[PDB]
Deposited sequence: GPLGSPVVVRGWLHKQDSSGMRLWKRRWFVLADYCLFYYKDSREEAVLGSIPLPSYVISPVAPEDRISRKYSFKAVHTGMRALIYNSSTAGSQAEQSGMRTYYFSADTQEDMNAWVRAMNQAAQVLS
């Protein structure tokens, strides 16, 4: 990966299907995209989310997420994310919106 990185670290990503369980992955925001890995070795990339035209917004009322410090990226498909702290949630939403918002 020769891209410059905006931010890295742990987030919980809710699964699409199954029991919709929250998984802890290592996330890298680089080149206007989220890359997720098992861990911080950032060796084998599990998934990719190109962020342009995705709206990242906290705590979707109807979406009834029980877990705290949770936010969502909607493909204006939606992904649900959760940080360990309020500070992290804010840093991530800023970062993702900067990448997403192409005016």
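- What the model leaves out of the deposited chain are the segments 1-2, 79-99, 127.
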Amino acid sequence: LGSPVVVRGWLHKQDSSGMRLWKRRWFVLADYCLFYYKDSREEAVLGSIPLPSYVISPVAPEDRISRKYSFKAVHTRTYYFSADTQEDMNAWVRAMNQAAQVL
From here on, numbers count along this sequence of modelled residues.
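- Across the two stretches, 81-89 and 7-15, the PDB entry reports the greater mean Cα temperature factor for 81-89.
- On average the C-alpha atoms of 59-67 have higher B-factors than those of the other stretch, with 26-34 and 59-67 being the two compared.
- Ranked by Cα temperature factor within the chain, residue 100 sits in the middle third according to the deposited record.
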